[PDB]
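Undergrad: let me start by giving you these chains from the complex, positioned as in the assembled structure:
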Amino acid sequence: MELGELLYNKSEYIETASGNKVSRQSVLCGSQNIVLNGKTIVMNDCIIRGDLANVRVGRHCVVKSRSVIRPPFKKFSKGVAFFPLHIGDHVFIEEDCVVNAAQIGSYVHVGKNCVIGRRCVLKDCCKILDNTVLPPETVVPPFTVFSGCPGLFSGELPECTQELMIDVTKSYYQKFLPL
Amino acid sequence: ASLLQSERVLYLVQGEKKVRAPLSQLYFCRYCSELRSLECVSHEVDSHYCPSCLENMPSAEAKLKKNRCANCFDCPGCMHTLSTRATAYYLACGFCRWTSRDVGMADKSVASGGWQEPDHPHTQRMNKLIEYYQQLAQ
Amino acid sequence: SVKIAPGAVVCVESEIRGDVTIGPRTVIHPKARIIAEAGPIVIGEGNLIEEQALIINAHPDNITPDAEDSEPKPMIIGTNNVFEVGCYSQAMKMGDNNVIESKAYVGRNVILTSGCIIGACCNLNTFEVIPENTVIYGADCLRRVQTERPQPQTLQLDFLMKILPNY
């Protein structure tokens, strides 16, 4: 709201360990294969399944409530297996959002309730708008905005994304405290 | 940029045309002392690239190829980057289930090299008219 | 009131309620919401369910007319059927060889055939039988297109047999 990030008070129940905060409400079925190296946030009722995964997330990663990050299955003639996805640094997944994406780049703002397709690659410094469908096996270049049910080039982003996005994710993390 | 409403508080530019824009969009000019907008500044062309198969093409090759990638294709029904599927290759979309078999294009033995667009029907008549007017203009 | 079948890798951690009738070779993913409110949920072999998938038989909650005498409305589902991420479903009869896409809201009385796909993030409340081997794409408009051949998804289901153990 007018550049400034607003207050969000968390409850007592949340798994805070080595900077990484993960809501107890949010199930993450397969805790072994999933890894959170940095000071990540995972909001309540969110899913990070371990269906033969290697879900590596960023330094300041944010996943809002009711949102799912599942790896896609690669339809290979040699052997059909689930491809391990790698969420980049400073990644912001918005609320109620579906992600079946392989290799999500750093410094990205994925919009609200937007379905990303199977085996979908996202390069760094991009932005997917809200109520948008990226089809299976699609690529989005840097400094781009993809939107619509087709999921196609809408326009370009501001030049200063790399520097700006840092402030957003770090401010949200700092502003997001217990009550 | 969008999550925080950068499109609220705006900075003004000095010159002929006055514009109200967010600081995120604006650029500072160091040669002189006056910040200028994306509108005010002149735009150039550096490099061309495909959004699917990210391959930096030179300016000369683009003019010959009509600003297009040879390997990658976009579906006609919906506007999305197609994918090569085998059984010996057919072109299919992920969003809509439009195939290359539907319109009746034959499957190619080689993956990329085989696929092509038919020649323009009035291409021979075109060159004859240019050469006539070229001689007449001379 | 549960009719669990061997071979089917239904995960215990997924939520189930009512007079369920489980299929031979079905594979239910965790946090898959199946309810048998009025009539039973009949499941065909190879009918895998992925992520959030609201399958209810609550026509008594939807309308509540107090008509059709008993009105069991038993939820029949076919074989080799992929339920994707966040797709709402409520179909009394549903055919074999059909794949609803992610966040696809299927209607209160919509009958699915073979080789038929619902569009991702597309909602269809209107009651209308789907033609043989035709796909719907987009939310803004339906834009129906007839497919050349039906698409099978057997290999995917078969591999989950190996994964689900110790999860």
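TA: Okay, I see it. Numbering: from 1, shown residues only, chains lettered A, B, ... in the order given.

Undergrad: mind jotting down where the strands sit in chain C?
TA: Taking DSSP state E as the criterion, chain C contains strands spanning C:16-18, C:34-36, C:41-42, C:75-76, C:81-83, C:98-100, C:134-135, C:145-146.

Undergrad: close to chain A, is the last one?
TA: Spelled out, it's strand C:145-146. No. Strand C:145-146 lies out of reach of chain A by Cβ under 8 Å from any Cβ of the partner chain, never closer than 13.8 Å. Backbone N, C-alpha and C define where each C-beta goes, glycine included.

Undergrad: circling back: minimum distance to chain B: which of the strands of chain C has it?
TA: strand C:134-135 (4.5 Å; Cβ to the nearest Cβ).

Undergrad: does chain B sit close to that closest one?
TA: Yes. Residues of strand C:134-135 are located near chain B by Cβ under 8 Å from any Cβ, namely residue C:135.

Undergrad: can you name every helix or strand that that strand contacts?
TA: When contacts are defined as 3 or more Cβ pairs under 8 Å, 6 or more residues apart in numbering or on different chains; DSSP states H and E, strand C:134-135 packs onto strand C:145-146.

Undergrad: got the contact list for residue C:104?
TA: By Cβ atoms under 8 Å, 6 or more residues apart in numbering or on different chains, residue C:104 lies in contact with C:84, C:87, C:88, C:118, C:119, C:120, C:121, C:122, C:123.

Undergrad: in CSV: the strands of chain C, plus distance to residue A:118 and mean neighbour count.
TA: Below are these laid out as CSV (distance: least, Cβ to Cβ, whole Å; neighbours: other Cβ atoms under 10 Å in any protein chain shown):
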stretch, distance to residue A:118, mean neighbour count
strand C:16-18, 27, 16
strand C:34-36, 24, 21
strand C:41-42, 27, 22
strand C:75-76, 27, 22
strand C:81-83, 11, 24
strand C:98-100, 12, 24
strand C:134-135, 16, 18
strand C:145-146, 20, 15
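
Undergrad: one step back: of the contacts of residue C:104, select the buried ones using a PyMOL command.
TA: With 16 or more other Cβ atoms under 10 Å in any protein chain shown as the criterion, this PyMOL line picks the buried residues out of those:
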select buried, chain C and resi 84+87+88+118+119+120+121+122
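
Undergrad: give me the subset of the contacts of residue C:104 touching chain A.
TA: C:119, C:120, C:121, C:122.

Undergrad: so which of those residues are also by chain B?
TA: Near chain B, by the rule Cβ under 8 Å from any Cβ, you find residue C:120 out of those.

Undergrad: residue A:116: which of the contacts of residue C:104 is nearest?
TA: residue C:120 (10.0 Å; Cβ to Cβ).

Undergrad: for the residue nearest to that closest one when sequence neighbours are not counted, give me its contacts.
TA: Leaving aside its chain neighbours, residue C:120 sits nearest to residue C:101 (3.8 Å; criterion: Cβ to Cβ, 6 or more residues apart in numbering or on different chains). By Cβ under 8 Å, 6+ apart, the contact list for residue C:101 reads A:115, C:84, C:87, C:117, C:118, C:119, C:120, C:121, C:122.

Undergrad: cool, residue A:136 as well?
TA: By Cβ under 8 Å, 6+ apart, the residues touching residue A:136 are A:72, A:117, A:118, A:119, A:120, B:83, B:94, B:95.

Undergrad: on the three-state scheme, the last one is what?
TA: Which is residue B:95. With DSSP: H, G, I helix; E, B strand; the rest coil as the basis, residue B:95 sits in coil.

Undergrad: with residue B:62 instead?
TA: helix.

Undergrad: now it, nearest residue through space, not along the chain?
TA: residue B:48 (5.0 Å).

Undergrad: next, find the distance separating that neighbour from residue B:74.
TA: The spacing between residue B:48 and residue B:74, counted by Cβ to Cβ, to the nearest Å, is 16 Å.

Undergrad: again, but for residue B:131
TA: According to Cβ to Cβ, residue B:131 stands 34 Å off from residue B:74.

Undergrad: add chain D to what we have:
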Amino acid sequence: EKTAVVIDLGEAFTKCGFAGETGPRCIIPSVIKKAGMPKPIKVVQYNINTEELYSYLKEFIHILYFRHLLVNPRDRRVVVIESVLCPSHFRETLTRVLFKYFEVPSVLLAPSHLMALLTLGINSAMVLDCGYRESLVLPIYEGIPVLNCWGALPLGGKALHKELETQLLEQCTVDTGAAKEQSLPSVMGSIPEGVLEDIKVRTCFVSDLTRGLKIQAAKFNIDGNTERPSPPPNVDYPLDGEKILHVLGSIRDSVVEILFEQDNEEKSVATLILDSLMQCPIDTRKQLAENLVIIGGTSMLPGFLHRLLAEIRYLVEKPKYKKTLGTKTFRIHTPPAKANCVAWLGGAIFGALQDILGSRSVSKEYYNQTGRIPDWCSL
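TA: Okay, here's chain D dropped in alongside the others:
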């Protein structure tokens, strides 16, 4: 020298590409998606303030020169195709945008009718331009446009879109998907122009003269009991997903008739050729009649060229045109590119002529000095 770019700014669609090519590279709706506005504003709009028009054209030309075409604007020349009697302030603005902001080397303001003639190769021909706003005709005799014998009527795309909307609202039968299986009239107060255009193209067609003449008298109902031909089957069209509009068979073949209707004045798209040709010089009559050209996207409508040429030969026998244009042989030219992209193709053929282009075209150095674009009005 570099291959000069060709742009053709229209109300419905803009043609864009490079000179010496078989057809245009990009053809797109002439609109811009501004932040806040739900429906995108139209870039060409006649009778508005210059500053507001300048901003829209600046926004549009930017999209053409970077997103659609990939080339530096300052490097290579421009060939701006625009119809004769295009509003003064609009053409003055369009040039001022290209010369001031983009800093193009030189613009050439070619009339669309003379460009359409080059594509065929014939030196003299009659040219009808059935566009979006107005269906204009202008006789071109051996390179010289005859402004004296001009002709225009508002029987284009806009007039046809409006006529379709009116007819659909009368016989309105939509299946919303909310106990709306029964015929529901005018659930939506207005239908968006994007939908109406798609219905027109796919559903509606141009009827034969014999069947059309019956349709005219049928809807009139001039002391006759159900004297209409059997219509085509009713086509169901989806509106915004769930809502299914059942289009009546009568609407498909009646909507077009407003173009070819006499309406007492004796002013149709057909009559406009013969009205112009009768006003032409006596020597030029037989050459122009023999060489007819039908450009514009409105004439793409299926079975338009047959109805027009037939309606011509019927209106010839009418006593007004029977004296002058009685024993004349009307023959249509088939241009190399499609009816929509005939105008553009001429500018490309002209753009390929680097030697003549530089001389005829107005240089930026001249415009910066003078500030006076040459027009067919007095200097």
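
Undergrad: quick recheck of the contacts of residue A:136 now chain D is there?
TA: Per Cβ under 8 Å, 6+ apart, neighbours of residue A:136: A:72, A:117, A:118, A:119, A:120, B:83, B:94, B:95.

Undergrad: between these, which is closest to chain D?
TA: For the contacts of residue A:136, the residue nearest chain D by Cβ to the nearest Cβ is residue B:95; the value is 15.8 Å.

Undergrad: who are the contact partners of the residue nearest to that closest one when sequence neighbours are not counted?
TA: Leaving out its chain neighbours, the residue that sits closest to residue B:95 by Cβ to Cβ, 6+ apart is residue A:135, at 3.8 Å. Neighbouring residues of residue A:135 by Cβ under 8 Å, 6+ apart: A:117, A:120, A:150, A:151, B:80, B:93, B:94, B:95, C:120.

Undergrad: show the buried residues in these.
TA: Restricting the contacts of residue A:135 to buried positions leaves A:117, A:120, A:150, A:151, B:80, B:93, B:94, B:95, C:120, with burial counted as 16+ other Cβ under 10 Å.

Undergrad: isn't the fourth one up against residue A:137?
TA: What that stands for is residue A:151. No. In this structure residue A:151 lies outside contact range of residue A:137 using Cβ atoms under 8 Å: 11.7 Å.

Undergrad: overlap in contacts of these two?
TA: residue A:117.

Undergrad: what's the most distant pair in the contacts of residue A:136?
TA: Going by Cβ to Cβ, the pair spanning the contacts of residue A:136 furthest: A:72 and B:95, at 15.6 Å.

Undergrad: in a markdown table, list the contacts of residue A:135 along with distance to residue B:4.
TA: Output for the contacts of residue A:135, formatted as a markdown table (distance: Cβ to Cβ, whole Å):
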| residue | distance to residue B:4 |
| --- | --- |
| A:117 | 28 |
| A:120 | 26 |
| A:150 | 28 |
| A:151 | 25 |
| B:80 | 31 |
| B:93 | 36 |
| B:94 | 33 |
| B:95 | 32 |
| C:120 | 29 |
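
Undergrad: closest to residue A:106 among those?
TA: Using Cβ to Cβ, residue A:120 is the member of the contacts of residue A:135 that lies nearest residue A:106, at 15.9 Å.

Undergrad: wait, isn't that closest one in contact with residue A:100?
TA: Yes. Here residue A:120 reaches residue A:100: they are 7.0 Å apart, a contact under Cβ under 8 Å.

Undergrad: which neighbours do those two share?
TA: Jointly contacting residue A:120 and residue A:100 under the rule Cβ under 8 Å, 6+ apart are residue A:72.

Undergrad: list of residues touching the longest helix along chain C?
TA: Longest helix in chain C, counting residues (DSSP state H): helix C:155-163. With contact meaning Cβ under 8 Å, 6+ apart, helix C:155-163 is reached by A:51-52, A:73, A:75, A:80-82, C:9, C:25, C:27, C:46, C:48, C:80, C:82.

Undergrad: want to throw the residues you listed into TSV with distance to chain B?
TA: As requested, the contacts of helix C:155-163 are exported to TSV (distance: Cβ to the nearest Cβ, whole Å):
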residue	distance to chain B
A:51	21
A:52	22
A:73	14
A:75	9
A:80	15
A:81	19
A:82	18
C:9	27
C:25	25
C:27	23
C:46	20
C:48	20
C:80	16
C:82	14
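
Undergrad: all helices of the stretch 251-379 of chain D, in order?
TA: D:257-260, D:269-279, D:285-290, D:304-317, D:319-322, D:343-351, D:354-360, D:364-370 (DSSP state H, counting those that start in this stretch).

Undergrad: my bad, chain C
TA: Listed from the start of the chain, chain C has helices (DSSP H) covering C:59-62, C:155-163.

Undergrad: repeat for the stretch 1-150 of chain D
TA: Taking DSSP H, counting those that start in this stretch, the helices of the stretch 1-150 of chain D run over residues D:50-63, D:88-96, D:112-120.

Undergrad: over to chain B?
TA: For chain B, helices defined by DSSP H occupy the ranges B:59-65, B:100-103, B:124-137.

Undergrad: return the set of buried residues in the longest one.
TA: Residues B:126, B:129, B:130, B:133, B:134 are the ones in helix B:124-137 that count as buried (16+ other Cβ under 10 Å).
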